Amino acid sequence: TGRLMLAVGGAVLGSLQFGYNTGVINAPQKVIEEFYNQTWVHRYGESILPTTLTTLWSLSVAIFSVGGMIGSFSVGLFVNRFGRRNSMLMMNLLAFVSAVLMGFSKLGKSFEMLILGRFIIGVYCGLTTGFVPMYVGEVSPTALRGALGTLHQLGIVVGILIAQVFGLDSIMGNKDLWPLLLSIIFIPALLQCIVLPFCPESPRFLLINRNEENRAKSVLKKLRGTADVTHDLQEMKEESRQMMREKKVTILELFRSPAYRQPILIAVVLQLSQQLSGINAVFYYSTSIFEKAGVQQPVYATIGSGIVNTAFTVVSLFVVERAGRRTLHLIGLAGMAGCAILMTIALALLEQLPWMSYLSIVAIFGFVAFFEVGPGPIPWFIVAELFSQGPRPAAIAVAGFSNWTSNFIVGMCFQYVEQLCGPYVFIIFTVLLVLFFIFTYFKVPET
């Protein structure tokens, strides 16, 4: 419990860095867009086209999700081959590579570097979100396993907040220091590169994946702190039974078996309902949507959304263990729909009532607050509770693919939709939120 605080906190750095890379490109949108325009002129002696500037900066934020897909797929590769700890350590290379790329992108007069860096760091984020939850789950005692695993969640939302803070004009969200805003991630990396080597390899890797039972003994005693461990050791060997009991099934075997075709449908749709709700429409373009509203100091409203977001995350902890998954997920979609509607009213009546800009802030706060209690965590609780230890692994990969894919559809196309639909964009979210509300009220069983 003492030395334990090192290995965990050392791993959560990746989840901080995960959330940081997610929301850094929110506030400094205009300045980087100005840099694209600046770079476009220097090359061709011509101001960039507005539609091109759209899909270009959209690609710069969207390509990140593409990396995450690949990353989340490759987690199984490095984990069982190089170990949990060492996997997290070596993959800090992607951060330094990406940090340098996104940092010297301005000094290199190239948005390709920035896009490329955004891809690479996306892979790291996809890999990391597979490492951290798995590492702490094996390192922590079973008692604190259902509590320390929270730090991954908190890490992301807090990382998103810090990204939005630094996104201020006062700090790093400006003409001169935006390349550093993207690069500062090297600090967390450098820290994790120092800490992890002192942290212990997971015993479940030493006991199972290496059969080095003896090398695992020295871990738990220093790790768990307890002198003896002739019960935690037997535990893992008894929990590995259930994990090795029924045969694990592959991805494409999940599609072909009509026994698995119904629960998988629920899983994927529940992931679509998380992204196509359009919470990344705000976590990527909060400061942008606020600008089209009459919001004074919009970057602060984004930080507001971060704090509200971070807040209701902690609230959700003391709710999932108090209510049902079917209910909480329904509550979310409704509130997200209501707020999406309420958002449209603000964006519509602003031109008539020069103050509804304040309503848009409250709407989006509720739009993300209702998300973090319903469609936030639940879509990952239902999937893990619709499949036994055999097909459950393959189900996460599909769900993971479903999430990244639908995440890319929003972040890449939301601006193209924002131009044509005008103040009537959140209706798309409202509409889909209804379909997702119908789909769950009938076809989603409580667990």
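The first residue of the sequence shown is number 1, and the count goes up from there.
Colleague: Output the stretch having the higher mean C-alpha B factor in the entry; the candidates are 318 to 326 and 151 to 159.
Modeller: According to the entry, 318 to 326 carries the higher average C-alpha B-factor.
Colleague: Please compare 37 to 45 with 62 to 70 and name the stretch with the higher mean C-alpha B-factor in the deposited structure.
Modeller: Higher mean C-alpha B-factor: 37 to 45.
Colleague: Just grab whichever of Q271, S87, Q296, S286 has the top CA B-factor as deposited.
Modeller: Checking the PDB record, the top C-alpha B-factor among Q271, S87, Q296, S286 is at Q296.
Colleague: Using the entry's values, work out which of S183, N92, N280, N80 has the largest Cα B factor.
Modeller: Comparing C-alpha B-factors across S183, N92, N280, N80, the maximum falls on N80.
Colleague: Ranked by Cα temperature factor within the chain, is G411 in the lowest third, the middle third or the highest third?
Modeller: For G411, whose C-alpha B-factor we compare with every modelled residue in the chain, the answer is the lowest third.
Colleague: Can you work out whether the C-alpha temperature factor of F371 puts it in the lowest, middle or highest third of the chain?
Modeller: For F371, the deposited C-alpha B-factor lands in the highest third.
Colleague: Looking at the temperature factor on the CA atom of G130, which third of the chain's modelled residues does it land in?
Modeller: It belongs to the middle third of the chain when residues are ordered by C-alpha B-factor.
Colleague: Quick check for you: using the entry's CA B-factors within this chain, is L16 in the lowest, middle or highest third?
Modeller: Answer is lowest: the recorded C-alpha B-factor places it there.
Colleague: Can you work out whether the C-alpha temperature factor of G146 puts it in the lowest, middle or highest third of the chain?
Modeller: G146: CA B-factor falls in the highest third of its chain.
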